[PDB]
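In case you want the letters, here they are:
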Amino acid sequence: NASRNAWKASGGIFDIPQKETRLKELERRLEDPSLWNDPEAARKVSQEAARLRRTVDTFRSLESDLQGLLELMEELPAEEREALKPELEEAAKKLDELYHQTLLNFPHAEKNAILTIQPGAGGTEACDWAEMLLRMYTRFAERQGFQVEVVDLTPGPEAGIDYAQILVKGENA
RNA sequence: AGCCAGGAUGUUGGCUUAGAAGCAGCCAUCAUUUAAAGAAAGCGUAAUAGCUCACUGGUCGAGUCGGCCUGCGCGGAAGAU
Ligand SMILES: [Mg+2]
C-alpha cells in the first residue's frame, strides 16, 4: 500500500520541472505591461499561469502529507495512530483528485455523449456480442450515478441485437 | 443658452474572466463627505490611466420651454420627338 502511494506521488513529482521553469518564463516575459499591450500575449500568459496554478495547490498535499507521515506511521497503526494511518487516506484522496484532474479538462470532456454500438462479422454470434457490449456500458452508467436514455435499439433476426445507439447524460460522461 | 469651477469617498463593488479598475458582460443599483458628484450616459484602453457628460456653485440679468389645436407652405417627387 505504502509502495503504491509512493508510486502515485512520483507522478506528482513528474510535474515539478514543468511548473517551475514555465512559471519563471511567464513572469520574465509575459507578466510585463509592454508585453501585455498585445492581447494574444496576455491570453498566452494566462494559459501558462493556469498550468502553474494547478501545480501549486495540489503538490502541497503530496509533499506535506508524505514528509509528516513517516515519523508517526512507522511502528504503530492500530493503537494511538489509527487516526495517523487513515490521516494518509486524505492524502490518497488528494492524489486521486489530482490524477483525475490531469486526465480530464480536455475539449468537450464534460458534455455527455451518445455511443453507438455496431456489431461485426459472425452474423448471429456478433449480434450477441454487441448486446453484451451494450449491457456493459449500461452497467457502467448505472455504476457511475448516470441516467441512460435508450434511443436506437434494433434486434438481429437469428439472435441478439444488430444496431443500438445509447445516450447517457451527467457528470463528465 | 453659453462662460469659470468642481464632477469626490467606501471603491478598482464582486465575479467569471485571459484581464475587467463606471463602460466585455452578469448582477446589486447601495451608502459616505454634502453645494453637488450615476457602483455611471459617451469617447478612450489590454486594462488602468486619460478626455467629456449628468446633477451643482459662480458670472450674467429677461424672458424662456415643448406640447395641444387649427390656417397656408417645404421635402418625400425619376421617362422616353
Ligand atoms: Mg408636397
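Definitions and limits used
- Residues numbered from 1 in each chain as written, not as in the entry; some residues may be left out.
- Chains lettered and ligands numbered in written order.
- Part of a larger assembly, values for the part shown.
- Heavy atoms only, no water.
- Helix = DSSP H or I, 4+ residues; strand = E, 2+ residues; numbered from the N terminus.
- Rg over C-alpha atoms; globule rule 2.2 N^0.38 Å.
- Buried < 20%, exposed > 50% of the residue type's maximum accessible area, 1.4 Å probe, protein only.
- Contact = heavy atoms within 4.5 Å.
- Areas by Shrake-Rupley, 256 points an atom, 1.4 Å probe, with all protein chains shown as cover.
- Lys, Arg positive; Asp, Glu negative; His and termini not counted.
- Charge placed at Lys NZ, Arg CZ, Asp CG, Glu CD.
- Pairing = 2+ DSSP bridges.
- Axes fitted to C-alpha atoms, helices over the stretch in contact; angles between N-to-C directions.
- Salt bridge = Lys/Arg side-chain N within 4 Å of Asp/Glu carboxyl O.

For this coordinate set, the PDB header names cryo-EM as the determination method and states a resolution of 3.35 Å.

Section: the overall build of chain A
A count of helices and strands for chain A gives six helices and three strands. The order of α-helices and β-strands along chain A, N terminus first, is α-α-α-α-α-β-α-β-β. On C-alpha atoms alone, chain A measures out to a radius of gyration of 24 Å, which is more than a quarter above the 16 Å that the 2.2 N^0.38 rule sets for 173 residues. Projected onto the principal axes, the alpha-carbon positions of chain A cover approximately 65 × 60 × 25 Å. Counting the 173 residues in chain A, one finds 21% classified as buried. For chain A, contacts bridging at least 24 residues in sequence account for 57% of all contacts bridging at least 6. For chain A, the computed accessible surface area is about 12,900 Å², with 55% contributed by carbon and sulfur atoms. Computing the positive centroid from 22 side-chain charges and the negative centroid from 33, chain A places the two 6 Å apart.

Topic: unusual backbone geometry
With a phi close to 70°, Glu80 is a non-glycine residue in the positive phi region. Examined against the element boundaries, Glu80 turns out to sit in the loop between α4 (39-73) and α5 (88-103). Even without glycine at this site, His108 takes up a positive phi of about 65°.

Comments concerning the sheet that holds strand β1 (residues 113-117)
As summarised here, the arrangement of the three strands in space is β1-β3-β2, forming an open sheet in which the pairing is antiparallel. Each edge of the sheet is formed by a strand with only one pairing partner; in this case those strands are β1 and β2 (147-155). Put simply, the sheet's adjacent strands are angled 15° from each other on average, direction ignored. On top of the sheet, helix α6 (residues 124-143) reaches β1, β2 and β3 (161-169); it is set at about 10° to β3, its chief contact.

What to know about the side chain of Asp15
Relative to the helices and strands, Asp15 is located in the loop between α1 (2-14) and α2 (16-30). The buried charged residue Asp15 lacks any salt bridge partner; its closest oppositely charged side chain belongs to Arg51, at an N-O distance of 7.7 Å. Dropping the residues within four chain positions of it, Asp15 is found in contact with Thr55 and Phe59.

Section: the pattern of salt bridges
Charged atoms that come close allow side chains of opposite charge to pair. Under the counting rule described, the total for this entry stands at four salt bridges. Ionic pairing is found between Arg22 and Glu48, a salt bridge with its closest N-O pair at 3.0 Å. Linking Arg22 in helix α2 with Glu48 in helix α4, this pair joins segments that are 26 residues apart in sequence. Exposure remark for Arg22: the relative accessible area of 25% places this residue in the partly exposed category. The class for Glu48 is buried, based on a relative accessible area of 7%. For the salt bridge of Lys94 with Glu90, the shortest nitrogen-to-oxygen distance reads 3.6 Å. Note that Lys94 and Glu90 are positioned in helix α5 at a spacing of four residues, about one turn of the helix. Look at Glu90 and you get partly exposed, because its relative accessible area is 41%.

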